[PDB]
Amino acid sequence: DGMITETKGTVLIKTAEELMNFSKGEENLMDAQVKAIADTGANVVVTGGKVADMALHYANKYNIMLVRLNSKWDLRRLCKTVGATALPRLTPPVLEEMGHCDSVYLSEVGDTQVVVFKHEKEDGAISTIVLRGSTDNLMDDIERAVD
Amino acid sequence: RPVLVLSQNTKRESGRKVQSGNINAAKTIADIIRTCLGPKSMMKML
Amino acid sequence: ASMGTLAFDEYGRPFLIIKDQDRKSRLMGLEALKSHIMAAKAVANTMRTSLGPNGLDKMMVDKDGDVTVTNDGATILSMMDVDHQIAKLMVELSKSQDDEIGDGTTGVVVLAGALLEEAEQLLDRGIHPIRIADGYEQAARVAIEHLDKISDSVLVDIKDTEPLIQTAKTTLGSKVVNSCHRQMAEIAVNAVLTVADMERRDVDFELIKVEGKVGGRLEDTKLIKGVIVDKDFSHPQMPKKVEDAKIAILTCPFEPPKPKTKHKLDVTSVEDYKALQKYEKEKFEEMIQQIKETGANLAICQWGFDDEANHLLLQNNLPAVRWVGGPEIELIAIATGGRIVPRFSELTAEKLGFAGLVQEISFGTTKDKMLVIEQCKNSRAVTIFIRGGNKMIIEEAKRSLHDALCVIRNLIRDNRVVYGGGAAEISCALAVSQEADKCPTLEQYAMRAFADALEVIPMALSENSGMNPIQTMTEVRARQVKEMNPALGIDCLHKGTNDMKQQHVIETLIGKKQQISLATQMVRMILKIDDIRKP
Amino acid sequence: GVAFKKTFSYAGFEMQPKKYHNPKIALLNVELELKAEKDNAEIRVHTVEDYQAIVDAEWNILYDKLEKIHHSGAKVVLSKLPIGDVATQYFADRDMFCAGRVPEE
Amino acid sequence: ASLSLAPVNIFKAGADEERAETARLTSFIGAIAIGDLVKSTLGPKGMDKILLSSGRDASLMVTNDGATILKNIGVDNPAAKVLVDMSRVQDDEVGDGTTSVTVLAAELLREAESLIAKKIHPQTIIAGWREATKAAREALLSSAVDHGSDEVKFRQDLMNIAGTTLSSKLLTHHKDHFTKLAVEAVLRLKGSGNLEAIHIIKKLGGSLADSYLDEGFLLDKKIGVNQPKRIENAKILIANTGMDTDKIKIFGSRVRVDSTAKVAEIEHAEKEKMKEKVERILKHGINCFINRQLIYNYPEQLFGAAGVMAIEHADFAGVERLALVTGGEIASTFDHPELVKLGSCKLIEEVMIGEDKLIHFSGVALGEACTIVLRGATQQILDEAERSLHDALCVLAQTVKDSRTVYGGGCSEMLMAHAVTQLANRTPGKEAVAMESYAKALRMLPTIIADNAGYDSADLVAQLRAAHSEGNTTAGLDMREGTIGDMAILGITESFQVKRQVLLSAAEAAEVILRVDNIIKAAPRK
Amino acid sequence: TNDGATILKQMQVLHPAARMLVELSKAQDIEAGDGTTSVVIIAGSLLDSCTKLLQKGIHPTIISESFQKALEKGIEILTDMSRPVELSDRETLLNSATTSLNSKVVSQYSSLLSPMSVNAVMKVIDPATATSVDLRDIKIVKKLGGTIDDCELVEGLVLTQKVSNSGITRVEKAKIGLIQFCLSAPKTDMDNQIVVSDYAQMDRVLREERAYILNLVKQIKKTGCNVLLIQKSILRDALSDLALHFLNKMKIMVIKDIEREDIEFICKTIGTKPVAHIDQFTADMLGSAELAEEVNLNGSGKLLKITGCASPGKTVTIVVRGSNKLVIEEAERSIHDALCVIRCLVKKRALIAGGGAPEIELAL
Amino acid sequence: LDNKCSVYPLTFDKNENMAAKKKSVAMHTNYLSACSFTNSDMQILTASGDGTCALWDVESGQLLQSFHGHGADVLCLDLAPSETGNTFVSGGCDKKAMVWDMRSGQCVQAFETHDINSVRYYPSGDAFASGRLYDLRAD
Amino acid sequence: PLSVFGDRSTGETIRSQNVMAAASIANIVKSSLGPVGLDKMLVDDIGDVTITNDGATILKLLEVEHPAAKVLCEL
Ligand SMILES: Nc1ncnc2c1ncn2[C@@H]1O[C@H](COP(=O)(O)OP(=O)(O)O)[C@@H](O)[C@H]1O
Ligand SMILES: Nc1ncnc2c1ncn2[C@@H]1O[C@H](COP(=O)(O)OP(=O)(O)O)[C@@H](O)[C@H]1O
Ligand SMILES: Nc1ncnc2c1ncn2[C@@H]1O[C@H](COP(=O)(O)OP(=O)(O)O)[C@@H](O)[C@H]1O
Ligand SMILES: [Mg+2]
Ligand SMILES: [Mg+2]
Ligand SMILES: [Mg+2]
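Chains as they are written, first to last, in the working numbering: chain A, 1 to 147; chain B, 1 to 46; chain C, 1 to 535; chain D, 1 to 105; chain E, 1 to 526; chain F, 1 to 364; chain G, 1 to 139; chain H, 1 to 75.
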């Protein structure tokens, strides 16, 4: 989303033209930022915070996959496994900071819906074991064995 | 109104716990008067 | 057999499986079915005395002490404070019949009770309940096909409302408004026919406003081809009657404009104060002059207004009414043919509605005034103004008129009718019995039980009318078999004839089909339950 | 296709036609009603003409959104956000259909 | 099986249902108890009750009105609730007849109980009662007499109607004085039905005969400080403006300056604005000024300096009544003096009534608004006098609206009962029995009227029945001594609307209650 | 108390008949002001007779009609046995007041209160034209301390408010002015704030506020006013401390927190026209008075007395003092009874003998 | 025992800092169900156990209008969105919430679908919390 | 329906309950069978101690309230 001041924000409107142009200019700024991000070649965007409606709309317009990760541990692990740097602002990423994954898709395993960042090489920083089972307790025991 | 095959106040204990408890009880009874043996024994007040 | 299971293990150590298992209950097997059948039979037998023209009302009292004297089955069961789950299923069945059809909400309960009562004796002979449900479904299919076969079609034209009037009269015959029977049927038919899409499309009940007010007599209930508003002219000195009124519908309060956004207007000098005062005065004068320029004779607002606007409206011979509700604004706009204008600057002559007469109505020694808008050109909205001697008959008249409107709506959807008075049920029972003879023996019992259950409606009508149930039903069935006439029913009103076609006892085919279908499905659902686990 | 329940229509909804033979549907996520421009917005004016201009500007913002929707050729307007009475009457005047607060699914 | 007498329990805790015997018994007991309670307050010799509230205030109220008696009681029987609501609706529709309708409904339900005991289906009773009601209504309509054409005869009818309405109330002590009072008050309305235009002022002290109708109008407000206390040939200007700290309706407006000199300038501008407002008001050339809302100190002193009497805080009713009595226009803007009509009266002054000071308008222009002063020895006496006048005024207004009149003193009841009996004698079946019970209730009404007087009710009712069967259609009870007499000669008349409403409402409510065969109660909240 | 109305009101009677007797007593107090106990006793005796009448088998309506006839005859008898009076006959008024005061606790002081009550009633009405007396024109002030012998009739105005000024407590040849606005910093009805952006604006604000207050005080003083009454104000400080300082430096007594309900009484008493805006404050709206001083009641409080006015228009004040609060309240009630009796004489110019003579004659 | 609050801030002892003008009308006594101060501090709305909403003026101290029509006592009441003629709701024990307007002194709108004790206007003003949500524009 | 002042169990419930009671009684004494069986020690809630292996004695000392278990005890 469009970053705001950390002190306090107050849209000071003094003329009718400012009132009629504020929202339009804000939307145009969001569109420009999203298009700038997309023009680098990025096609998957992962954010640690909330997703604004206008930002989501403009990401959908430019065919960009959006994944939101609440935990910062997950964000750092994703950066490790993909090779990307967590940008602090919404600037487009430079060539060194854009991580690459050989396949990202939405899938359903059993009942739960999952998002998979899948490589094809037999390497990488992080490897994941998907544990199946008929009971939560059984999977917990298998996880203890894996540990 | 429980079924109560046995009476409500009936308690059952079985297994290794029973044997350990019996042997520990005997050991405790022995330890009560362990020191009251021999010419140099000490008296007790009851 | 109750409370579930209790063993505490064969080794004496505790054996607890379900939380609070010692505080819960469990019914299993056949006795659960018997309890459910007994509860449903109790509900149906309570309801069956209110079936037919000679039905008797039930006086329902809620938790607050308010009294509701009514004959509608769905209302009675809705206000009934039940704890048994099967009784709740009966209540939901009545609500379903009311929602889908609007009439016959009492017949479904009696039919379901009869079906479960027969299923009881079928179960006592060792028949699996699923077999009973399957036989009931088969017999219901046969009965529905027979209803389609013996159905009759009526004309739903606006130039001949006699069959529609007869159907509405049949619907209203069991209600307290049977004193004004023909007038009630007339107004219901006219209301439905006025607001309806003629290509057999839907009837929007939001375009029918049912309004009640105490006083007067029940015969004073009338259909008004306009809108009756619970408001009055804002200024007490405004004229109480406007004729050929050019109506301006507005949703902007007659006040100085106010931005929605957080706004502060700064007054920094005496000249600023004078300019602000002049701006206020000029906005008031300008809005009134803009209303006047369109040629309007009457203004309706939704959000009220203040003293300056009130006196300006009075000074310019512009009668006005304020604080009219949103739905009433919509109804007035629809009836008068005028659009809804959100602000004065957008108000033009072509957006004005037209009403042949706008009047303020008093109600005796009550100080209450209610506005009337009528004599519209081609009004597509109606209002039923119900009078009476007490609030209770007013509510009962409201629901009876709703039943009549629903029946005419069903006729609009499908114009096939079946003669009532128990004739349809008797013919269906005969058809089911005939089809049961060809059936293999095992489902024959279920089909015969279904026919016997269908026989309950004429028996209930006979006992409510004081006649002997079994003798009358047997004679009518014999006459139906002897001569090909599926219109012979129970002479509840003692008119001297058993033919419901001359008696003009008319029921919609959709209503009977829905009754049979819903009763069969609920009976199957209850028959399929064999376990109860209340806390 | 898709079917869903009617969602709390406002005044003037019953004047909208309830059948179309080849409609174009505008699926929006937009609040079409007069409201504060932004939560932290704050208007400061010191002149009555500026006051009237601000009021007309709010109205013109709403009407500009509505005109943009109407000129698209759509006949059915569906929104995830509330659609006000003003927008409902505006669409009724154009023989359009509107339904706000549609569930996201 | 029954919903309650079944092995499985189908109800919540506290839910209860009452089948045929119990439902009919409860309905009949409740209705008969209500009828017995409200009766004995019927007819010229009826008595009054005492209503002791059990609340914190413990309000005390003595009254003869049936509707007020039934309204302020703790009723839990649902049929009694039906009868109470019927009485309230009867009061709303017309002023009088609240006791008669309740007594008639109770008697009808008692006859219904007897018929049910005689093994008669309630549907048959209802059909017979519907036919009887139709016959009785037709007879009553055929017996109505209209005098609205002749002025003197109509005034005599108004006199008789007011007297008959007041005869049963506490005002019967000064019936003649109060009858003149009420008829004059109603006739001053000039045909308008606005009963709110008649204001009743209850002032303690003095005798009941001291009550009077002011020839002009009386207001219970106050005059400003420096303003005159007496105006001759007043020129009224009735207004509904703010006239107090009058703030601009621009609600976001504020004063944001950089010095206190500017704040003082703005304050002077506001004061000058109010002064200009007062100057615009005064440009109408007025002597008096009534405002609905408050008048603060600055406009008050401006009016005082102008020598104009300003009356503040006269509520909506006050300004409406002043406009009706003086002909002024309730104005809220003063940019057009020539387009606003001014009220007028010969004199305005302050008068003492008891220990309170009131503003008196004398020689009013229109006068289509009355003030009635009520003096009494106790508060309860004052309240009952106000209720009695309300009944009389309502009946007189109805008679003005519809001039058809029927004879009272049981004459109408005898006539309707005779018509019902004639219909029943030609009707076969148990419907004849139901019709006869209907006639029995109708005759039981004047029976109770005579019983309340200690007279020989049976003999008088038999004489009335014989006279009405013979053809003496105007015979009725003569309560002066206890014989029968000519109601036309004796001048006991009643509004046809009131009697028709009593008949129709009583029959309808009896039919509604009779149709009930089961009473089901949800679990109470408390 | 000895007053019947007060006795019946204070004791919470629960039977409805007793409640209606209380209401009857209130009505008699309203219409006459005396005989409040006698009317209740008469009603009780009448109903006591009705007991035997009902037991003899007489319908209540007959009893009521006969009682009405008896009442009409009794009114005729009482009117016949009375004699006319003239308001110029002071002896009759004094005797009526004394007879009113005989039954009350202030009976040894009747020699002081009866002429006091007669003077109070005569001073607030026009004897040649008055047809009723508005007792609200007579103000009664209760101050603890002293003895009922110290009760005083003040021909001017008595205010319980305290003088804001210290050192100015006695003004001769006073020119009282009544103010309904506030002497504080300017404040408009609309929302107002002063925005400061420079350091100079701070002391400019201070100086301009001081100048505004000083101009208000100078305009007030220019009219010759020396005693100032300020109406009680809310939402705005009626009297700023700086305004009080300026007024004190100009030798003007200041009394504030004047109640709104008392404005009419004050204006009627001392002939002052209230002023709501400083522009209209002129000399012609001042009320000239002979002396306005604050007296001390021997350590039992202070009173502001304005005695001697150029236009003493139909208004008098009574100061009631006593040893303890109960006797003061009873003295106030008794003085009110005496005033009500003189009011009765004003309304109906007819005098009748007392001591049970009307009752004995009526019974016979 | 039961009170333990007789020494409440009634004293209001300060250095006379312009806040001492608390008015404290309390003329009607009875029970002060809701002493809410109007957004414009000119007026006070008070509800009593008799079921009548009362409007008072702080300056004059006089009862402007007594709003009657509620079935039972009004337990709670609110204020207008900002001022808007103070179109205020009133929730009581009669299960009904209704809106009043002093420009006419009448119950402009009414709602009955629930005792209401937690009324609160929406910031826009088109609705209000009914602790539910009633829409002004659709009734 | 029955209106019997008591509790009723019918069908598989009562059969399984009886089997459970009999199984509990059997499990009480199943551990005192054969040469490798072990004796039990019964405390009689007043301090009396009975050490025994005989099945009849164990079943007589125990207080039982389920009638099928009583049947096995008398057996
Ligand atoms: N005049 C009549 N003669 C004979 N039967 C009638 C007559 N009017 C209605 N009925 C029958 O009474 C039955 C009950 O109708 P009613 O009580 O009005 O609604 P519901 O079907 O909900 O009970 C209907 O099945 C109808 O066939
Ligand atoms: N002077 C009279 N003589 C005979 N009958 C009277 C007289 N006045 C009233 N009535 C009768 O008394 C009946 C009851 O009227 P009333 O007791 O005043 O109260 P309500 O009209 O509310 O029942 C009326 O039907 C009327 O006919
Ligand atoms: N000095 C007196 N001698 C004889 N009778 C007196 C005397 N003073 C008062 N009365 C009588 O005492 C009665 C009661 O008077 P009082 O107690 O003063 O007031 P109230 O009449 O209200 O009780 C009066 O009727 C009066 O006639
Ligand atoms: Mg029906
Ligand atoms: Mg009467
Ligand atoms: Mg005395």
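We treat Cβ as the ideally placed atom computed from N, Cα and C, and that holds for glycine.
Have a look at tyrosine 199 of chain F and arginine 207 of chain F and give me their C-alpha separation to the nearest angstrom. Against the sixth sequence, residue 199 of chain F aligns to sequence position 199. Against the sixth sequence, residue 207 of chain F aligns to sequence position 207. Going from the Cα of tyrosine 199 of chain F to the Cα of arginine 207 of chain F covers about 13 Å.
What's the gap between the Cα of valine 124 of chain F and the Cα of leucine 78 of chain F? The residue given as residue 124 of chain F occupies position 124 in the sixth sequence. The residue given as residue 78 of chain F occupies position 78 in the sixth sequence. The alpha-carbon atoms of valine 124 of chain F and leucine 78 of chain F are separated by roughly 30 Å.
Excluding the 5 residues preceding and the 5 following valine 267 of chain C in the sequence, name in chain order all residues of the same chain whose CB lies nearer than 7 Å to its CB. Here residue 267 of chain C refers to the residue found at position 267 of the third sequence. Here the set comprises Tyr273, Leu276.
I'd like the list of long-range same chain contacts for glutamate 33 of chain D, defined as Cβ closer than 8 Å, with 5 residues on each side in sequence excluded. Start at 1 with the first residue of the fourth sequence, and residue 33 of chain D comes out as number 33. Contacts found: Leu62, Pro82, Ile83, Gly84, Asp85, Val86, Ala87.
Show which residues of chain E have a CB atom less than 8 Å away from the CB atom of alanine 39 of chain C. Within the third sequence, numbered from 1, the residue matching residue 39 of chain C stands at position 39. Going along chain E in sequence order, the residues near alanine 39 of chain C (Cβ under 8 Å) are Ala6, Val8, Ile10.
Stretch-stretch touch, CB-based, cutoff 8 Å, three pairs: the stretch 108-117 of chain E with the stretch 426-442 of chain E: Segments in contact, yes.
Quick one, which residues of the stretch 361-395 of chain C are near chain E if we go by CB-CB under 7 Å, in chain order? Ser362, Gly364, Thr365, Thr366, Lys367, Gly389, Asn390, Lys391, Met392, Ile393
Is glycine 97 of chain E near ligand 5, with its Cβ less than 8 Å from a heavy atom? Counted from its first residue, the fifth sequence places residue 97 of chain E at position 97. Checking every heavy atom of ligand 5 against the Cβ of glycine 97 of chain E, one is found closer than 8 Å.
Contact set between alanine 99 of chain D and chain A, taken where Cβ atoms lie within less than 9 Å: Numbered from its first residue, the fourth sequence carries residue 99 of chain D at position 99. Under the 9 Å cutoff, chain A gives no residues; its nearest Cβ is about 19 Å from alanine 99 of chain D.
Could you spell out the range, first to last residue, of the beta strand (DSSP E) harbouring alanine 248 of chain C? In the third sequence, residue 248 of chain C corresponds to position 248, counting from 1. Start and end: 241-250.
Range of the contiguous beta strand (DSSP E) that encloses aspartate 16 of chain E: Within the fifth sequence, residue 16 of chain E is the residue found at index 16, counting from 1. Its beta strand (DSSP E) spans residues 16-18.
Determine, using beta-carbon pairs with one atom in the stretch 510-519 of chain E and one in the stretch 15-24 of chain E, whether at least three such pairs fall under 8 Å. yes
Identify which residue in E:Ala67, E:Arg321, E:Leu339, E:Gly30 has its Cα closest to the Cα of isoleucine 200 of chain E. What you label residue 200 of chain E is simply residue 200 of the fifth sequence in a count that begins at 1. Restricting attention to E:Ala67, E:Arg321, E:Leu339, E:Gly30, the CA atom closest to the CA of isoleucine 200 of chain E is found in E:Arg321.
Checking contacts by CB at 9 Å: is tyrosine 11 of chain C closer than that to chain B? The residue labelled residue 11 of chain C in the question sits at position 11 within the third sequence. Cβ-Cβ to chain B under 9 Å: yes for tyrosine 11 of chain C.
Just to confirm, does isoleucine 76 of chain C get its C-beta within under 8 Å of one of the non-hydrogen atoms of ligand 1? Stepping through the third sequence from its first residue, residue 76 of chain C is reached at position 76. Incorrect: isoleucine 76 of chain C has no Cβ contact closer than 8 Å to ligand 1.
Residues near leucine 115 of chain E in its chain [Cβ-Cβ closer than 7 Å; skip 5 each side]: As a first step, residue 115 of chain E must be located in the fifth sequence, where it is residue number 115. Here the set comprises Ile125, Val433, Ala434, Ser437.
What three-state label does DSSP hand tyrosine 134 of chain G in the structure shown? Along the seventh sequence, read from residue 1 onward, the residue named residue 134 of chain G stands at position 134. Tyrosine 134 of chain G falls in the strand class under three-state DSSP.
Listed in chain order, which residues of the stretch 263-282 of chain F have Cβ atoms closer than 8 Å to some Cβ of chain E? Legend: CB atoms of the stretch 263-282 of chain F lying less than 8 Å from CB atoms of chain E belong to residues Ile263, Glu264, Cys267, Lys273, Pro274, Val275, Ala276, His277, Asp279, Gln280.
When you measure from the CB of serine 100 of chain F to every non-hydrogen atom of ligand 6, does any distance come out below 8 Å? Numbered from 1 along the sixth sequence, position 100 holds the residue referred to as residue 100 of chain F. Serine 100 of chain F: yes, Cβ under 8 Å from ligand 6.
Validate contact between the stretch 257-274 of chain E and the stretch 374-384 of chain E using beta carbons, cut 8 Å, 3 pairs: no
Secondary structure of residue 369 of chain F, DSSP reduced to three states: Because residue 369 of chain F is not part of the residues shown, which for chain F are 1 to 364, the question remains open.
Using a cut-off of 8 Å between C-beta atoms, extract the partners of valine 11 of chain A located in chain D. To locate residue 11 of chain A, count along the first sequence from 1; it is residue 11. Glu37, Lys38, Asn40, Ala41, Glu42, listed in chain order.
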